[PDB]
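Notes follow once the structure below has been shown.
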Amino acid sequence: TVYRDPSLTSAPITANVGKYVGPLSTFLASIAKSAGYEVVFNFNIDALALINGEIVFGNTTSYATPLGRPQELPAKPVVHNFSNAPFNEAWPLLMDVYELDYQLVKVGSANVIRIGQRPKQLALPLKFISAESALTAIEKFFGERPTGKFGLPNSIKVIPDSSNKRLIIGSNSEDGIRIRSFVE
Amino acid sequence: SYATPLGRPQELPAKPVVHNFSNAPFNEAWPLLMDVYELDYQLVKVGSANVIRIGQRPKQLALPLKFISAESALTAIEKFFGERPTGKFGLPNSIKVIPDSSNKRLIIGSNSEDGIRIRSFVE
Amino acid sequence: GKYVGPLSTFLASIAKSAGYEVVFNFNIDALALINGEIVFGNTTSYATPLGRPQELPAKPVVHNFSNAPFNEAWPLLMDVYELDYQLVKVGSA
């Protein structure tokens with residue numbers, strides 16, 4: 001996949017921010033820099049359940065917690081590195097990592113970008129199951145229903161409401177495994 | 001002495017971040033690490049540089065049933081693995097079941113008990 | 001003003017490498033953000049990997065104008081902050 005916005009400047013940029021916190025995010029994204037790759041994490045990978053010699057015995061305060069840390073799991077690591085990347089195609093990537101939405105405004109000879117927030121809605125067409133039992137099979141798969149998710153029946157489709165991560169591992173991949181030929 | 005002869009079951013499903021690689025191909029060493037930690041990746045192009053967008057793997061699995069109805073197979077699972085923990089889900093579909101659990105609990109869990117109860121019923 | 005978080009500063013700075021003048025409609029630094037400096041210090045690290053949803057609909061007062069016409073720069077600011085204006089005459093002013 002590629003992100004390109006053919007209405008922005010294509011001049012190259014060069015930036016950097018932040019350092020990884022955990023022992024796993026640093027180990028990864030470093031073995032991949034031995035090859036030519038620029039790993040970007042969609043979630044707080046260091047909030048998993050991780051055990052190590054340094055995690056429990058010190059060496060900071062070892063932000064790893066072998067018990068996990070599920071309340072800080074959907075965070076987003078602000079660590080980026082760009083070298084001569086075109087702003088035309090590097091900007092739309094960042095607006096997809098953080099789920100933002102932008103538009104251009106002219107204040108004369110200067111163009112300004114008005115960053116907002118992306119409307120988190122999605123329409124899921126159903127091909128073989130009624131969207132009244134598909135909701136029921138979602139409320140039990142993903143039940144605990146968390147207030148971060150909404151499922152809207154419409155008898156033709158469903159309209160899930162969730163963050164980007166919960167719209168991939170969530171409905172978009174279970175609703176894709178239960179749309180199949182029913183047997184009689 | 002992090003051993004505690006009483007056990008430590010709340011910290012049991014942790015993952016040890018200890019690895020050692022020597023001249024291993026990144027082609028085949030990377031997909032291993034994405035299966036140990038249950039991650040999912042995809043490639044993005046930002047021009048002349050390729051960037052990997054690591055995510056999280058959707059933890060779902062379909063288990064075909066050959067000899068038992070998937071309405072009593074669920075009942076025999078809720079009692080085997082009962083305590084049902086919130087880390088596990090079992091979805092009947094009358095043709096199969098759809099377990100939801102971590103990688104470890106999808107091996108010693110349904111995948112090996114459902115494999116021992118799909119057998120020739122006697123009358 | 002100056003931006004507070006590490007994300008609002010990183011953005012609106014790579015966009016100034018090109019010619020752009022980023023304006024945020026919300027408190028982008030009240031999201032859930034994790035970093036080496038956020039948790040370990042370096043201030044008190046106003047980022048809070050747990051998020052900060054009560055301070056999310058805030059408005060960053062950070063602006064920069066250079067030879068912009070007041071004719072068309074004023075109506076932009078009255079739309080960022082959702083204000084409404086009208087003109088009154090007190091004589092020659």
Side-chain angles (χ1 to χ4, degrees), chain A residues 18-34 39-79 144 165 169, chain B residues 1-22 24 29-41 52 54-57 59 81 83 85-88 101-109, chain C residues 6 32-52:
Chain A
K19 318 275 150 43
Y20 290 109
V21 59
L24 176 62
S25 63
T26 303
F27 170 60
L28 273 53
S30 176
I31 65 170
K33 205 171 49 58
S34 301
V39 186
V40 160
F41 295 99
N42 294 309
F43 75 118
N44 196 10
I45 189 169
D46 306 323
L48 301 167
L50 297 175
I51 192 66
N52 202 345
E54 172 205 39
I55 286 175
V56 307
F57 293 144
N59 201 13
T60 73
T61 315
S62 301
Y63 177 83
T65 300
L67 279 161
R69 207 179 281 255
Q71 301 308 136
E72 307 183 357
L73 183 73
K76 296 270 184 51
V78 292
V79 174
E144 74 186 2
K165 184 62 61 213
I169 68 175
Chain B
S1 301
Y2 177 83
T4 300
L6 279 161
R8 207 179 281 257
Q10 303 313 323
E11 306 183 356
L12 193 79
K15 296 271 183 51
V17 292
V18 174
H19 295 300
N20 200 354
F21 290 116
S22 59
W30 187 257
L32 163 70
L33 270 68
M34 311 286 147
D35 210 292
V36 184
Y37 302 109
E38 315 177 55
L39 308 162
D40 220 344
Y41 61 101
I52 312 172
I54 297 186
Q56 212 175 349
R57 195 157 79 210
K59 38 185 59 58
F81 298 105
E83 75 186 2
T86 187
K88 291 177 70 68
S101 53
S102 65
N103 214 337
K104 203 41 81 193
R105 195 81 260 171
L106 273 179
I107 308 189
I108 69 175
Chain C
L33 297 175
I34 192 66
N35 202 345
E37 177 212 24
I38 285 176
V39 307
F40 293 144
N42 200 13
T43 73
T44 315
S45 301
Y46 177 84
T48 313
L50 279 161
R52 207 180 281 256

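Proteins get letters first, then strands, A, B, ... in listed order; numbering begins at 1 in each. Worth knowing before you read on, the calculation uses all heavy atoms, side chains too, and leaves out hydrogens, waters and symmetry mates.
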Is a donor on one side and an acceptor on the other found under 3.5 Å between the side chain of C:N35 and the backbone of A:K19?
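At least one qualifying donor-acceptor pair exists.
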Show which side-chain atoms of residues 10-19 of chain B pair as donor or acceptor with protein atoms under 3.5 Å away, not counting sequence neighbours.
{"residue": "B:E11", "atom": "OE1", "partner": "B:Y2", "partner atom": "OH", "Å": "2.5"}
{"residue": "B:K15", "atom": "NZ", "partner": "B:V36", "partner atom": "O", "Å": "3.3"}
{"residue": "B:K15", "atom": "NZ", "partner": "B:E38", "partner atom": "OE2", "Å": "3.3"}
{"residue": "B:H19", "atom": "NE2", "partner": "B:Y37", "partner atom": "OH", "Å": "2.7"}

[X] and [Y]: which non-hydrogen atoms are nearest, and at how many Å?
X      : Y      : value
A:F41  : B:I54  : CE2-CD1, 3.5 Å
B:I107 : B:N103 : CG1-O, 3.3 Å
C:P49  : C:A32  : O-CB, 3.5 Å
A:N59  : A:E54  : ND2-OE2, 3.5 Å
A:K165 : A:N42  : NZ-CB, 3.2 Å
C:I38  : C:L33  : CD1-O, 3.4 Å

Salt-bridge test for B:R57 and B:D35: reply yes if a basic N is under 4.0 Å from a carboxylate O, no otherwise.
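Here B:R57 pairs with B:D35 in a salt bridge, since their nearest N and O are under 4.0 Å apart.
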Out of curiosity, [X] [atom1] to [Y] [atom2], how far, rounded to the nearest 0.5 Å?
X     : Y     : atom1 : atom2 : result
C:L50 : A:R69 : CG    : CZ    : 9.0 Å
B:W30 : B:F21 : CH2   : CZ    : 10.5 Å
A:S25 : A:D46 : OG    : CG    : 3.5 Å
B:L33 : B:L39 : CG    : CG    : 8.5 Å

Would you say that B:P31 contacts B:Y41 through its side chain, given a criterion of any heavy-atom pair below 4.5 Å between the two side chains?
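When only atoms from C-beta onward are counted, B:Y41 and B:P31 do touch, with a gap below 4.5 Å.
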Step by step, work out the side-chain contact (heavy atoms from CB on, under 4.5 Å) result for C:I34 and A:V21.
CA-CA 8 Å; C:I34 192 66; A:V21 59; 4.0 Å; yes
Partners of A:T61 by side chain to side chain donor-acceptor pair (under 3.5 Å), sequence neighbours excluded?
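Per chain and number, A:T61 pairs via side chain to side chain donor-acceptor pair (under 3.5 Å) with no residue.
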